[PDB]
Amino acid sequence: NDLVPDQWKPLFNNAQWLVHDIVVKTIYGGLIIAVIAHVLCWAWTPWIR
Amino acid sequence: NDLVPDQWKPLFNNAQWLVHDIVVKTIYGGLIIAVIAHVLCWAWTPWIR
Amino acid sequence: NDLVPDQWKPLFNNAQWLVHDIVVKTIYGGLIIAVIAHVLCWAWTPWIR
Amino acid sequence: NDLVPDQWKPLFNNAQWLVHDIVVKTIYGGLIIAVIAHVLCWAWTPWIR
Amino acid sequence: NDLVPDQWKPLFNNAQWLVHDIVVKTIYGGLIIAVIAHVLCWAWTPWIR
Amino acid sequence: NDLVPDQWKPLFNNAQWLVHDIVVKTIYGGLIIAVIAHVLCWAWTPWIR
Amino acid sequence: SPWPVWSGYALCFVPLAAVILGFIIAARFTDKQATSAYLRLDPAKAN
Amino acid sequence: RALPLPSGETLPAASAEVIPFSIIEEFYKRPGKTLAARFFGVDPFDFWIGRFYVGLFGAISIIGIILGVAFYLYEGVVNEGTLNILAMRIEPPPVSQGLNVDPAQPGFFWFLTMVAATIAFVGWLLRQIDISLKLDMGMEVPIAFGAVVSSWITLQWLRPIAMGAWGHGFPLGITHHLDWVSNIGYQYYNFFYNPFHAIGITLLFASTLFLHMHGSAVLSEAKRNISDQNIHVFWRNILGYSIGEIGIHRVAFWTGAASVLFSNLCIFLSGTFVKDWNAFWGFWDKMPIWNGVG
Amino acid sequence: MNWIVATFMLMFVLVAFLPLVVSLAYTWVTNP
Amino acid sequence: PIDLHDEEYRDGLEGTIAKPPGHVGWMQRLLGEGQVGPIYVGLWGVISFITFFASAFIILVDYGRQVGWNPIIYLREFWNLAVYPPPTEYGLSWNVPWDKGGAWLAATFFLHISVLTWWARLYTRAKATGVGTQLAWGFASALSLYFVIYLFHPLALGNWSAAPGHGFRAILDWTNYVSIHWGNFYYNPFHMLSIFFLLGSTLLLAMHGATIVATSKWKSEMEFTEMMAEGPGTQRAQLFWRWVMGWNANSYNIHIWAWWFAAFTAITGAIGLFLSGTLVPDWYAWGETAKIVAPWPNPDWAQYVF
Amino acid sequence: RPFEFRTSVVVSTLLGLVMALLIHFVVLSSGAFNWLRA
Amino acid sequence: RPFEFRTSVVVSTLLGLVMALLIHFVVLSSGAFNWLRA
Amino acid sequence: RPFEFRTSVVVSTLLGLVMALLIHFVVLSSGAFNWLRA
Amino acid sequence: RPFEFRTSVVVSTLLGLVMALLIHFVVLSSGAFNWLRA
Amino acid sequence: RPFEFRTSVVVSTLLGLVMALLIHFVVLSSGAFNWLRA
Amino acid sequence: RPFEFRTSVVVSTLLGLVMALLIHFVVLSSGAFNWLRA
Amino acid sequence: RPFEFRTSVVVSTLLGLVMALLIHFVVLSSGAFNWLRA
Amino acid sequence: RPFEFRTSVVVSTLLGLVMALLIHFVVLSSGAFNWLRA
Amino acid sequence: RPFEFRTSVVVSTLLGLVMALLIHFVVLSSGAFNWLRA
Amino acid sequence: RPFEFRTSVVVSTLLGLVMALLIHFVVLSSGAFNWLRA
Amino acid sequence: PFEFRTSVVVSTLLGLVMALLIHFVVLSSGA
Ligand code: BCL
Ligand code: BCL
Ligand code: BCL
Ligand code: BCL
Ligand code: BCL
Ligand code: BCL
Ligand code: BCL
Ligand code: BCL
Ligand SMILES: [Fe+3]
């Protein structure tokens, strides 16, 4: 239970940390893809008009 | 148990403090984005008229 | 319970590791086939137009 | 449980192995027959057109 | 519980073996009759046309 | 018990054997009568035509 | 023309097969576990 | 070692002990306490073929069952020729024929099916009375089943006989008794407005509710170490009343039994005395208290 | 004719109602 | 570990309001236990109460406006008064006159909030006492149909007018109108599954209650104690059903059967109602394409006309 | 021991009676014999 | 062996009575005999 | 024993009887044989 | 300390929120302000 | 014994019988073979 | 602890989400913004 | 073993059989192949 | 002892109030007294 | 002890709020004041 | 211990999936994008 | 053992069943 930094020690266990890392990475990738997809459907046909 | 300042010591635990910090930061960011989005939908079409 | 690498030791049992491997291999194969099919249906008739 | 190789020792019992062999053989035969049957119905009348 | 060969010893009891023999013989006979009947209904009037 | 032959000794009791004999005899007689009746209701009017 | 349309199968024969199969499996399992061997009070004493 | 338990759990090691099921069947046989043997001095069969107990009432029932299934299959497969259970319809004799039934006229096989089914149902009810009488339990299940049997009697015997046509019995056959229900519901307008009808559906919905709540209550306390007063406290925290263990089963039995009784009353009444249900409520407006204030 | 038989059949419907009442009153009596 | 006393009496917000328990008397003689006792009020408890009181107030005041604030007439026509959702014009628009359809929207919103907060209360009070949380998930299963009726089905049709109208006779009218609109609602197959499960649920309830009452003499009613050790009562109850219908279940399985029947009722109902307006416009015309309508070439109509 | 004789005679009489009754009903209702005003 | 005498007479007089009753009602309802205004 | 013999004979005689009855019904109702006024 | 402070703040913030929402709904539905296409 | 042999034979003979019956019904009702007056 | 912090954050995040959803629905259905074919 | 092997084979055979049957019924009812008088 | 006094006064004051209200309603709705614009 | 003070304040504020709301609804719906486009 | 992490990830992945599905279906049914024959 | 009370009582029960039966069937006729 000692791989997490001290500031977040009371919250996160040891195993809960690596999952959290996976979650953050996935969320960042998803946000990048979402931004690209919205720029594309925009260029196609705008929806606010 | 002792990271929170004295004035708020009876109320907040130690772990409850860092989460409260995250919440405040998120709320400030959300308010800034909300204000920007609102300014943009009037520059588009005003609602009160 | 010692076949898994150290970084993932607190999460995965021994038996749970091989099943994971099978899952990853199947997912990769499925993604390749999905990409091929999609290219084929686009060459046939595009759907965005 | 020893008849199974070491890699798959923690998963498969000794009796569960022979039934796995039967299942794999049946699946391979079924896939070959399925491929032949789809080549035939195509040659007859294509479905995608 | 020693009439079955060694390869299939962990699966089959002694009594379960003779029934399995009856089942295999019946299945083979049924398949032969089914093939004959199918050839006869193909000679009568074909169904694929 | 010991009236049944050795090959079928593990399966059949003594009493269960005579009843099996009755069943086989009845089935043979029924099959003969069924074949005769089918030849007759064919000579009358065929059904495949 | 002679055959039921598609979605006749999906809408009516998912119920008619799935419900009958579910009943016949669930009854087998409940009766198995019930008629199995576990803790009871003696008939010669409790009654 | 490990103690197998009724809920499937195996405990980590009481007059309770592990007894195989067969023991408890041999002890509770006690042959000869049949309701029928009381009247005749003896019962003809009582020999428990397989798992099923056989009695005088069981035999007449099985006669009815076989004959009814055979007549149902003869109708709709022969003289209709549809060969599809959903498409076939088994129809009662026409209303012009009246109460008398004739083999030459159509509908003769519908009548046979109906009579055989009634015999089978009543025989089943008596068989339940009988098997309960041997065990010395009580007579609640025969009453609960008798309620639905009486509903069937009202639909197919009493209401047709009172009108006299014999065509009023609902036609058998899957997806065609629904057409009869739909044509009867609209014949008298606003069947919903019928008061006896609305009590039946109220009790049906209330029964489903009670069942869900009881099931969830017992499943929640199934495998855990608790005082057994925890469920009562939970019930007192939510809605402020706990019915008790013996109370909920009485209520289940009573509501279940009452729904069908009110329903059969409503249908028998609609056929015979009320032409439409909107005219029934015409009296309410003119109640003296408020007849002139408008 | 029609109405005599109708009343007589309504009698039978109420008789079907009857047993449930006996159940309730038995429980009330035998549970003081 | 868990103090029941501190969970039966604890001031307010964290405790019960009605501290003194009371006796009903007649309930005791016929229903078993007959004490009313205290009722717990928490944070989630006060919210559902006030929101339900707001919706009911909105609806009740709007009844009075319709009768002209006449209490004699108000008492006479109470059972056929109602408030109706907006008409087909401005189908989904939220800007409608108060009297035409505006009062319905606020009432339904506050009703939704009350329902969800009651669910939260159920879940939290179940966890607090140490028992499982099955009741909350069953209530969620019923909420599925509730939300399909009032929210999900009017949406995806474009009209708020598809929802019912907060009246005693208004709900019967809604049922009738929807069935007539789709056409031959009897033919909907998920409606058939729902009726199957509902009648099965009533069947199971009556049977379980009746057999348990019959075998009560041997203390078979305490289903919790019997789960650890089956006494003579449970042994008799198994034998009765084994001989009648050939199979039986112990005390643990029968409650699984009950739970699942009751829940499948509402789930199949919701799935079947949602599809009526969108995928299959006409149900009877669909049935004749599925070859399950009786041919009925010439019926005898002399029965139906008077 | 394997089969109780009385079960056999019971099922035999029942099946025979039901079968005679069913055949008698079908033949009567077919209307092909001119029996009882037909 | 499991054949008692009174069971035989009970089943005999039940079957006979049911059979007599069924045959009369069929004959009466056939309407082929001109009996009781037919 | 792995199978009770009597279960086999019971299911056999039930399936056979049902199958004979179903085939006899279908053939009669098809109306293709001129049997009993057809 | 008979009156719990937190009960007061809970009921206060519930009543205030409900009241703001109700007034906002009534004013919008009155159609007297030309707000959101009116 | 992880898998009971008799369960396999039971499910096998049930599935086979149902499948034969279903195919026979479909082929008969298709009306494409001129079998029993077609 | 008179006030649990987590109750506050739970009710806050629920109220905020519901409020955003309601405002979004009202603005979309008002039809005054020319958004998604309007 | 995270899973029982026999559960896997049971669900596999069931899903495969249902899927083959559904596809065979959709293709037959589509009427696009001239199979059994089409 | 045979009767609780308070039950008597409760039922008395309920019956009296209901009866006064009913008579007042009937007399008002009869429209025979010229009372409140009649 | 005979009368809890908090019950009094609870019922008082509930009754007052309900009464204010009812009077404002009645006055608004009477349409006699020219308030919010009337 | 104040918050379970897995509850957060469960509710997060459920809310995200539901939200993606709802938006995908609203956009498809709006008919403003010429996607799949529109 | 025949008690001879059973025989007479079942005789009388059959008598009354036939009683109501025959009597109503005759009464509910054309002539
Ligand atoms: C519309 C134009 C094309 C079309 C375009 C595409 C495209 C494009 C794609 C497909 C894809 C596929 N199509 Mg298609 N497809 C068409 C018409 C068809 C027809 C037919 C009737 O004509 C068929 C049969 C199929 C069938 C298929 C499958 C081959 C495949 C989908 C895999 C998947 O979903 O399963 C996945 C199932 C699951 C995730 C679970 C699998 C279950 C495992 C394998 C079973 C073992 C379970 C184990 C025991 C553990 C048990 C767990 C319990 C279940 C919980 N298509 C038309 C002609 N189709 C997709 C595919 O190929 O990608 C692979 C693909 O991208
Ligand atoms: C449409 C053109 C032809 C037609 C084409 C074909 C073709 C082609 C075939 C058949 C086949 C058969 N047809 Mg065909 N058939 C036609 C018309 C008919 C007619 C008739 C009314 O005219 C009949 C009676 C039949 C009957 C039959 C059977 C002879 C046979 C199917 C075997 C099978 O399904 O059972 C199998 C049943 C099971 C799998 C279980 C068997 C049960 C065992 C034997 C009983 C003992 C059980 C034991 C005690 C264990 C108990 C366990 C329990 C069962 C649980 N056909 C028309 C004329 N028919 C098929 C066949 O012959 O192949 C063998 C074949 O391939
Ligand atoms: C437009 C049509 C009208 C309508 C017209 C009718 C009519 C007409 C009737 C009902 C009746 C019923 N309707 Mg309604 N009903 C309508 C709308 C509704 C709605 C709804 C939400 O809108 C609901 C919930 C109901 C609910 C009900 C209950 C009031 C009642 C249920 C019948 C029953 O319990 O006894 C039915 C009991 C029996 C017949 C079961 C007998 C079963 C026997 C004992 C078992 C035989 C064994 C069998 C062969 C299985 C063997 C087992 C082996 C496994 C094979 N109706 C619409 C408005 N309704 C029925 C009723 O009143 O009951 C008398 C009826 O008469
Ligand atoms: C006229 C021709 C009609 C037709 C009409 C019938 C009819 C009708 C029947 C059959 C039956 C059968 N038909 Mg054919 N059948 C036709 C075309 C076919 C075709 C085809 C061309 O493909 C096939 C394969 C078959 C095949 C068959 C078998 C599946 C089956 C009987 C086989 C057997 O011997 O019985 C198996 C063995 C026996 C039945 C054992 C008999 C047991 C004992 C002898 C029964 C005695 C009963 C006794 C009377 C009871 C009292 C005895 C007491 C001691 C007193 N039919 C055409 C359409 N078929 C028969 C059926 O299966 O019923 C069972 C049936 O009744
Ligand atoms: C345009 C004029 C309309 C009208 C439209 C409205 C509308 C719309 C509203 C009111 C509201 C009010 N009106 Mg006005 N009102 C009208 C005519 C009247 C008349 C009259 C002439 O007689 C009266 C007496 C009133 C009186 C009132 C009060 C009862 C009430 C607010 C008082 C107060 O300050 O709030 C009490 C104190 C507060 C509300 C504390 C606020 C708490 C904090 C600041 C809330 C912050 C919320 C924040 C956004 C959430 C995110 C924060 C996070 C930290 C990020 N109105 C006419 C008809 N009126 C408001 C109402 O009560 O809602 C509450 C309401 O929304
Ligand atoms: C275009 C102008 C439209 C209108 C359309 C909307 C719409 C639509 C919305 C609002 C919303 C708001 N409007 Mg506006 N609004 C209008 C006119 C008004 C008027 C007025 C003139 O009187 C007022 C006072 C307001 C006031 C407000 C506030 C009550 C509210 C947001 C305040 C705040 O910052 O959020 C409080 C703080 C936050 C919301 C914190 C945000 C938290 C984090 C940032 C959320 C991230 C979500 C993220 C995507 C999830 C994935 C993240 C994972 C990590 C990946 N509007 C006109 C009619 N308004 C918004 C609302 O409340 O919903 C929240 C809303 O969606
Ligand atoms: C003519 C072309 C029709 C069509 C008609 C069908 C039909 C009809 C079927 C399929 C089936 C399949 N089709 Mg196709 N299919 C079409 C277009 C497609 C397209 C597409 C262009 O995108 C795809 C991807 C597919 C893909 C597939 C696979 C999903 C599937 C079988 C794969 C496999 O081998 O089986 C997986 C492995 C096996 C099935 C193992 C088999 C096991 C053993 C061999 C079964 C023996 C059964 C035996 C008879 C029982 C008795 C044995 C006893 C021992 C005696 N089809 C077009 C529309 N397709 C088949 C299906 O899935 O059914 C399962 C199916 O029946
Ligand atoms: C314009 C004239 C209309 C009319 C319209 C109304 C309306 C509208 C109202 C009344 C109300 C009242 N009317 Mg008037 N009323 C009329 C004719 C009459 C006649 C008559 C001629 O016979 C009578 C006797 C009355 C008599 C009364 C009293 C019964 C009542 C208020 C008395 C009192 O002071 O409040 C008792 C004491 C108080 C209310 C204490 C107030 C408590 C604190 C100050 C409330 C603060 C609220 C605050 C905004 C919340 C936020 C605070 C936070 C700290 C931020 N009206 C005519 C028809 N009348 C009011 C009512 O009762 O509502 C309560 C009401 O709203
Ligand atoms: Fe229970």
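Every residue, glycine as well, gets a Cβ built from its backbone with ideal geometry; the counts of neighbours run over all protein chains shown. Laboratory data are not the source of any read-out in this text; all were calculated from the coordinates shown.
Yes/no matrix, rows are residues, columns are (1) more than 10 Å from chain J (Cβ to nearest Cβ); (2) part of a loop (DSSP other than H, G, I, E, B):
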residue	(1), (2)
H:199	yes, no
H:215	no, no
H:218	no, no
H:224	no, yes
H:234	no, no
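If you scan chain S, which residues turn out to be in a loop (DSSP other than H, G, I, E, B) and either in contact with a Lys or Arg (Cβ under 8 Å, 6 or more places away or on another chain) or surrounded by 11 or more Cβ atoms within 10 Å (Cβ to Cβ) (or both)?
Matches in chain S: S:35, S:36, S:38.
Conditions (1) surrounded by 13 or more Cβ atoms within 10 Å (Cβ to Cβ); (2) of a type outside the set (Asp, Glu); (3) within 16 Å of ligand 2 (Cβ to nearest atom), marked per residue:
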{"residue": "D:6", "(1), (2), (3)": "no, no, no"}
{"residue": "D:17", "(1), (2), (3)": "yes, yes, no"}
{"residue": "D:20", "(1), (2), (3)": "yes, yes, no"}
{"residue": "D:28", "(1), (2), (3)": "no, yes, no"}
{"residue": "D:36", "(1), (2), (3)": "no, yes, no"}
{"residue": "D:40", "(1), (2), (3)": "no, yes, no"}
{"residue": "D:43", "(1), (2), (3)": "no, yes, no"}
{"residue": "D:47", "(1), (2), (3)": "no, yes, no"}
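Could you list, in sequence order, all residues of chain G that are farther than 30 Å from residue J:226 by Cβ, in a loop (DSSP other than H, G, I, E, B) and more than 7 Å from every other protein chain (Cβ to nearest Cβ)?
Scanning chain G gives G:1, G:7.
Among all residue pairs at least 6 apart or on different chains, which show Cβ distances below 7 Å where the first residue, located in segment Q:1-25, is closer than 21 Å to residue C:16 by Cβ and within 10 Å of ligand 1 (Cβ to nearest atom) and the second is part of a loop (DSSP other than H, G, I, E, B) and among the aromatic types (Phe, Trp, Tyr)?
none
Has segment H:123-134 got at least one residue that is at the interface with chain J (Cβ under 9 Å from one of its Cβ atoms) and not in a helix (DSSP H, G or I)?
No, there is no match, as no residue in segment H:123-134 is at the interface with chain J (Cβ under 9 Å from one of its Cβ atoms) and not in a helix (DSSP H, G or I).
Taking the conditions exactly as written (within 12 Å of chain H (Cβ to nearest Cβ), hydroxyl-bearing (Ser, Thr, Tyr) and either within 20 Å of the chain's Cα centre (by Cα) or surrounded by fewer than 20 Cβ atoms within 10 Å (Cβ to Cβ) (or both)), does residue J:175 satisfy them or not?
Taking the combined requirement at face value, the residue satisfies it.
Anything in segment H:158-172 that is among the aromatic types (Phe, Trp, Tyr) and surrounded by fewer than 20 Cβ atoms within 10 Å (Cβ to Cβ)? List them, or say none.
Matches in segment H:158-172: H:170 only.
Results for (1) within 10 Å of chain H (Cβ to nearest Cβ); (2) in contact with a strand residue (DSSP E or B) (Cβ under 8 Å, 6 or more places away or on another chain); (3) within 26 Å of residue J:115 (Cβ to Cβ), shown as yes or no for each residue.
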| site | (1), (2), (3) |
| --- | --- |
| J:13 | no, no, yes |
| J:23 | no, yes, no |
| J:63 | no, no, yes |
| J:72 | yes, no, no |
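Go through segment J:234-274 and give me each residue that's not in a helix (DSSP H, G or I) and not hydrophobic (A, V, I, L, M, F, W, C).
Within segment J:234-274, J:246, J:248, J:250, J:251, J:252 meet the criteria.
Determine the pairs where a residue that is part of a loop (DSSP other than H, G, I, E, B), located within segment H:85-99, has a partner that is crowded, with 18+ Cβ neighbours inside 10 Å and polar (S, T, N, Q) with Cβ atoms under 9 Å apart, the partner being 6 or more residues away or on another chain.
H:85/H:175; H:86/H:175; H:87/H:175; H:89/H:175; H:94/J:303
Residues in segment A:11-20: is at least one under 20 Å from residue T:20 (Cβ atoms), of a type in the set (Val, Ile, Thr) and more than 16 Å from ligand 3 (Cβ to nearest atom)?
No, because not a single residue in segment A:11-20 is under 20 Å from residue T:20 (Cβ atoms), of a type in the set (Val, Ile, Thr) and more than 16 Å from ligand 3 (Cβ to nearest atom).
Considering each of H:242, H:270, H:259 in turn, give the residue that is more than 24 Å from the chain's Cα centre (by Cα) and either within 30 Å of residue I:19 (Cβ to Cβ) or of a type in the set (D, E, K, R) (or both).
Going through H:242, H:270, H:259 in turn, just one is more than 24 Å from the chain's Cα centre (by Cα) and either within 30 Å of residue I:19 (Cβ to Cβ) or of a type in the set (D, E, K, R) (or both): H:242.
For residue J:269, only one of the following conditions fails: (1) more than 30 Å from residue H:76 (Cα to Cα); (2) within 7 Å of chain H (Cβ to nearest Cβ); (3) crowded, with 21+ Cβ neighbours inside 10 Å. What is its number?
(2)
Scan segment N:20-38 residue by residue and report those that are farther than 27 Å from residue P:34 by Cα and either out of contact with any helix residue (DSSP H, G or I) (no Cβ under 9 Å at 6 or more places or on another chain) or charged (D, E, K, R) (or both).
Selection gives N:20, N:23.
Does residue J:164 count as closer than 28 Å to residue P:30 by Cβ and not charged (D, E, K, R)?
yes
What single numbered condition from (1) within 9 Å of chain H (Cβ to nearest Cβ); (2) within 32 Å of the chain's Cα centre (by Cα) fails to hold for residue J:220?
(1)
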